[PDB]
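Q: Quick one: this structure, given as structure tokens, is what I'll be asking you about.
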Ligand SMILES: [Zn+2]
Ligand SMILES: [Zn+2]
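Chains as they are written, first to last, in the working numbering: chain A, 1 to 121; chain B, 122 to 289; chain C, 290 to 434; chain D, 435 to 671; chain E, 672 to 1062.
Below, the structure written as structure tokens:
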């Protein structure tokens, strides 16, 4: 959940700097003397068990992909029954076999995962 | 026998339904692995046990039904040539093919052949040959059985070469 | 297993989890470094309670979040995890963590001048070279009867 | 490299390989496979940018993120924002001969890539094309009986030809890489929507998306294995 | 009357396959490839290094097949007599040469494939094949060299111009690599391998990415290569690589790379960094900078372009490859399947004989600038081609 900042003048990357005196987070540039205050205090995250990428591929034309299986599940939003579906597109040994469905009318994505902790995808 | 065939075909139908539930089950995330064994490895282990245990029952079925004058059976009973697996594959069902200890893998993307749709883990899709040799194989099964076969012919040359050097 | 207790499925689990090598890595959902400058209160709403428990220190904070299932699937306490961390690092790193009842498992660490490199290496030491339970070299252990 | 790969389906024979050391490294072309001779890409390249392809020098990803990358013989030439239009046209053009038939074109829908190859050495085979529609209800093979008769008139006069079949978009050559983006029916009857206890079990069309159909499954074999009677009743070695 | 629009059935396949084989026969792979050699690739081998330092070759004609005799001399050769006589069913080659100042013509014998357009048998009827003593069922596609029928066996190789990523096993200090073998249809067949390497294994400290360029004796930090190509700011460099601004995981993996290139902040410097890794101490700066340019313009991804304005194109493609390497290191994509037959190419007669008659027309064209570098002032060795072919 990092977002990444660049110098307004150089477009080089910004690095963190503590404002020792007032106890605040700055990003500075190493190439200009530009600086700006930080948006959050999170500067680094490492997900060991990640979901980024389960849904990669979902694209306006997903339903013209003849190779994808189809089902008659209904979706939560449109109550339509035109889906395509696939497994997780992370390419792990340690993935579930859960399915991801894509509603072909309203483009809503949903899962067959009955322990869904996911909001987003 | 006609009746034996129908039993064999039901024996097989029931294993494919076992498979379909263990499928639906992993698909809803309700299956558990147990202990260092991944989900997908647990899935596979189970589907292969089902599919083997089907082969075998279907083969026991055929063996039983053959009479004492059945000349295949006479050879087997004498000990002079052939065994159960041969009855079985000839008359009841040839069974799961495998390459490196696993079901036929997805060598196109997410599929074993272009005649299947993606993410298909079913028996057909990964190498179960439901037919016996008498009945004949379909084209897909034919190609997966040749995959398998091929692995024995290579394994066999490597064994022969490996063994010969050890022996010396 | 020892001659008495060799048909205890439960005394066999125990023996499994005393041998099966376990690192922080295997229980840790995600690690994070936050700028959280004032070591007596917190920019993190949720750990208000954990800080609220304390009858020198870096403003940069490393914070790990552990998995309840995995922690109990290897008969691990927070206490033991923290104790592990601590006697690894000793006076050189300051660590406190969420108690057992607590709903979420959190470890939060700080150093004790350029101070985020140390942290991301420190984090790597955490996650890989800290033996929690078990014996080196032993990757899975399975029961069979 | 010794093992029979899924991707050799229809291109190399699954049976014919010598014993020993050469096992699996010597192969035989399937009866109907062919190999590209190579063909120059410059009219395809021109065509693409007539059709909206935007050149790499203009590309700014942050500003067109939905874009499909377009590659030709292995070179990224740019980006296109409706690759469905472009793709329906490219194929129409290859089905009529304006693009040479042995050119291969793959769109990968979820990878947002469109790859085309006009180089020599690619091995391929022909398949029937399957198109919705009709008018008459389902998806159907583009060839129909009237085509077959023209064929058999020609055989019997010994002028409608194999090439007539390519030219009219009835048949098209597909390589292993393009094979990944289609769905093929094994027999023409898998298109229409009490069995013989002695027949083998076939697992039906759970498929409404076929794009192609095999001409005949026995064409996966090569020369030698095409002389065995009933190979489908034999253990594979 | 049977409807012309009716759907076909399984039997009707044999009609379509008969039609394929009446057209193609059984060895078209052979024929189609030789035919294309004779008709197009030959002439293109002459228009690469056409000119020397003046003298420039144009058109080729290909004889029908013929023999240099024992005495009574030069004669049409049919394949029955070459078999029998230990002959070599060959035709000859004639270029169109030009002298011009700055400070027909036989060149050889080409073994010709039976039933190619050039061989007598391809036009012949069934009677004609019996008069010539050639079985009407023979199908062609081989050569007769010294009276023996010789077939060339298709050679399988990888394709070039394809990016492939691979993990590397355990004791290695790199964990993944992405590799292309860049190549040419026009130019030569000159084969640079770019590799793009991710250093440090899963959670090492600063995993970095470096590329191996040809003649450069150290791996170069990918950001320096981006700077030598003209893409300077971290932000532009990252947007050729990570085409999705919310992929904070990819971007966080490209931070160490930004640190590893931080010292080099402009193109000139970047070239120089490179150029010094290619040149000895002593070489002056401008010459070093130019060494680097020429490496990048000529020997880095040359399938793209080998000419001057073409830097955004290479930049992007290097980017793409680093995206591919990362998508695999982040476990989004599997390592590439080195056995997918669609990434293979099989080399038949034409290509095999162009590997050869290129190589050899390049010797023959080198003996022409030696009638000429020692000429203090139509004198060509034919045979070198003839017998390299046959040999
Ligand atoms: Zn700046
Ligand atoms: Zn919907």
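Just so it is clear, CB atoms sit at the ideal spot from N, CA and C, and this is done for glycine as well.
#1: May I ask you to report which of helix, strand or coil DSSP gives residue 998(E)?
#2: Output the residue ranges of the beta strand (DSSP E) runs that lie fully inside the region 580-622 of chain D and measure 3 residues or longer, sorted by chain position.
#3: Anything with a beta carbon under 6 Å from a heavy atom of ligand 2 counts; list them all in chain order.
#4: Given the structure, does residue 9(A) come close to ligand 1, in the sense that its CB is under 8 Å from one of the ligand's heavy atoms?
#5: Apart from the five residues just before and just after residue 1063(E), which ones in its own chain have a Cβ nearer than 6 Å to its Cβ?
#6: Could you give the distance in angstroms between the alpha-carbon of residue 979(E) and the alpha-carbon of residue 968(E)?
#7: Could you tell me which chain C residues have their CB closer than 7 Å to the CB of residue 21(A), listed as they occur along the chain?
#8: To the nearest angstrom, how far is the alpha carbon of residue 80(A) from that of residue 206(B)?
#9: Do residue 12(A) and ligand 1 come close, with the Cβ less than 8 Å from some heavy atom?
#10: Anything in chain B within Cβ reach of residue 429(C), meaning under 9 Å, just list it in chain order.
#11: If we count Cβ pairs, one from each stretch, closer than 8 Å, do we get three or more for the region 790-810 of chain E versus the region 478-496 of chain D?
#12: Quick one: grab the DSSP three-state call for residue 182(B).
#13: So if DSSP puts residue 663(D) in a beta bridge, which residue, or which two residues, is it bridged to?
#14: Spatial neighbours of residue 74(A) within its chain, please: CB distance less than 8 Å, with the 5 preceding and 5 following residues excluded, ordered by chain position.
#15: State yes or no: is the beta carbon of residue 615(D) nearer than 9 Å to at least one beta carbon in chain A?
#16: Among 1015(E), 912(E), 1003(E) and 804(E), whose alpha-carbon lies nearest the alpha-carbon of residue 754(E)?
#17: Could you say if the region 1042-1054 of chain E and the region 1022-1030 of chain E meet the contact criterion of at least three C-beta pairs nearer than 8 Å?
#18: Can you list the residues of chain A that residue 904(E) reaches, using a CB-CB cut of under 7 Å?
#19: Can you list, in chain order, the residues of the region 1003-1035 of chain E whose Cβ is nearer than 9 Å to any Cβ on chain D?
#20: What did DSSP end up calling residue 1045(E) once you bin it into helix, strand or coil?
#21: Give a yes or no on contact between the region 411-430 of chain C and the region 305-319 of chain C, applying the rule of three or more CB pairs nearer than 8 Å.
#22: Taking beta-carbon pairs under 7 Å, can you tell me which members of the region 102-113 of chain A lie near chain B?
#23: Could you confirm whether any beta carbon from chain E is found closer than 9 Å to the beta carbon of residue 375(C)?
#24: Using a Cβ cut-off of 9 Å (strictly closer), state whether residue 946(E) contacts chain C.
#25: What does a CB cutoff of less than 8 Å around residue 133(B) pick up in its chain, not counting 5 residues either side in sequence?
#26: Is residue 32(A) close to ligand 1? I mean its beta-carbon at under 8 Å from any heavy atom of the ligand.
#27: Closer than 7 Å by beta-carbon distance: list the chain E residues that pair up with residue 53(A), in chain order.
#28: Starting from residue 687(E), follow the alpha helix (DSSP H) in both directions and report where the run begins and ends.
#29: So, do the region 343-355 of chain C and the region 395-415 of chain C have three or more beta carbon pairs nearer to each other than 8 Å?
#30: Any beta carbon of chain B sitting closer than 9 Å to that of residue 95(A)?
#31: Examine ligand 1 and report whether any of its heavy atoms sits within less than 8 Å of the Cβ of residue 913(E).
#32: Indicate whether at least one CB of chain A lies closer than 9 Å to the CB of residue 320(C).
#33: Answer with yes or no whether the minimum CB distance from residue 390(C) to chain E is below 9 Å.
#34: Which residues in the same chain have their Cβ closer than 6 Å to the Cβ of residue 321(C), if we skip the five residues on either side of it in sequence?
#35: With H, G and I counted as helix, E and B as strand and the rest as coil, what does DSSP make of residue 261(B)?
#36: Please report whether the beta-carbon of residue 325(C) lies at a distance below 9 Å from any beta-carbon of chain A.
A: Taking the geometry as given:
#1: For this step, residue 998(E) is matched to residue 327 along the fifth chain. Residue 998(E): helix per DSSP, three-state reduction.
#2: 605-609
#3: 75(A), 77(A), 78(A), 80(A), 103(A), 105(A), 106(A) and 108(A)
#4: Position 9 of the first chain, counted from the start, is the residue given in the question as residue 9(A). Yes; taking the cut-off as 8 Å, the Cβ of residue 9(A) has a heavy atom of ligand 1 nearer than that.
#5: Any question about residue 1063(E) goes unanswered here, given that chain E covers just 672 to 1062.
#6: Residue numbering aside, residue 979(E) sits at position 308 when the fifth chain is read from its first letter. Residue numbering aside, residue 968(E) sits at position 297 when the fifth chain is read from its first letter. If you take the alpha carbons of residue 979(E) and residue 968(E), they lie about 7 Å apart.
#7: Here residue 21(A) is taken as the residue at index 21 of the first chain, counted from 1. Going along chain C, no residue has its Cβ under 7 Å from residue 21(A), so there is no contact; the nearest lies around 11 Å.
#8: Sequence index remark: in the first chain, residue 80(A) carries index 80 (1-based). Sequence index remark: in the second chain, residue 206(B) carries index 85 (1-based). For residue 80(A) and residue 206(B), the distance between alpha carbons rounds to 50 Å.
#9: The residue you call residue 12(A) lines up with position 12 of the first chain. Result yes, Cβ under 8 Å from ligand 1.
#10: Start at 1 with the first residue of the third chain, and residue 429(C) comes out as number 140. 156, 157 and 158, listed in chain order.
#11: no
#12: For this step, residue 182(B) is matched to residue 61 along the second chain. Helix, per DSSP.
#13: Working through the fourth chain from its first residue, we reach residue 663(D) at position 229. DSSP output for residue 663(D) lists no bridge partner at all.
#14: Position 74 of the first chain, counted from the first residue, corresponds to residue 74(A). Closer than 8 Å at the Cβ level, and outside the excluded window around residue 74(A), lie 80 and 81.
#15: For the purposes of this step, residue 615(D) is taken as residue 181 along the fourth chain, with counting starting at 1. So, interface residue.
#16: In the fifth chain, the residue the question calls residue 754(E) occupies position 83. With distances taken between Cα atoms, residue 754(E) lies closest to 804(E).
#17: no
#18: Taking the fifth chain and counting its residues from 1, one reaches residue 904(E) at position 233. In chain order: 10, 11 and 12.
#19: 1008, 1009, 1010, 1011, 1012, 1013, 1014, 1015, 1016, 1017, 1018, 1019, 1021 and 1022
#20: Sequence index remark: in the fifth chain, residue 1045(E) carries index 374 (1-based). Of the three classes helix, strand and coil, the one that applies to residue 1045(E) here is coil, per DSSP.
#21: yes
#22: 112 and 113
#23: Counted from its first residue, the third chain places residue 375(C) at position 86. Chain E contact via Cβ: absent.
#24: Taking the fifth chain and counting its residues from 1, one reaches residue 946(E) at position 275. Chain C contact via Cβ: absent.
#25: As a first step, residue 133(B) is located in the second chain; it is residue number 12 there, counting from the start. Taken in chain order, the residues that qualify are 175, 179, 214 and 251.
#26: The count along the first chain starts at 1 and reaches residue 32(A) at position 32. Within the cutoff, so yes.
#27: Taking the first residue of the first chain as position 1, residue 53(A) is located at position 53. Chain E residues near residue 53(A): 1003.
#28: Taking the first residue of the fifth chain as position 1, residue 687(E) is located at position 16. Where residue 687(E) is concerned, the enclosing alpha helix (DSSP H) stretches over 684-695.
#29: yes
#30: What you label residue 95(A) is simply residue 95 of the first chain in a count that begins at 1. It does: the Cβ of residue 95(A) has a partner Cβ on chain B nearer than 9 Å.
#31: Reading the fifth chain from its first residue, position 242 is the one you call residue 913(E). It does not: the Cβ of residue 913(E) is nowhere closer than 8 Å to a heavy atom of ligand 1.
#32: Position 31 of the third chain, counted from the start, is the residue given in the question as residue 320(C). Yes, its Cβ sits closer than 9 Å to a Cβ of chain A.
#33: The residue you call residue 390(C) lines up with position 101 of the third chain. By this cut-off, residue 390(C) is not an interface position.
#34: One-based indexing of the third chain puts residue 321(C) at position 32. 352.
#35: For the purposes of this step, residue 261(B) is taken as residue 140 along the second chain, with counting starting at 1. DSSP places residue 261(B) in helix when its eight states are reduced to three.
#36: Here residue 325(C) refers to the residue found at position 36 of the third chain. Interface residue, yes.
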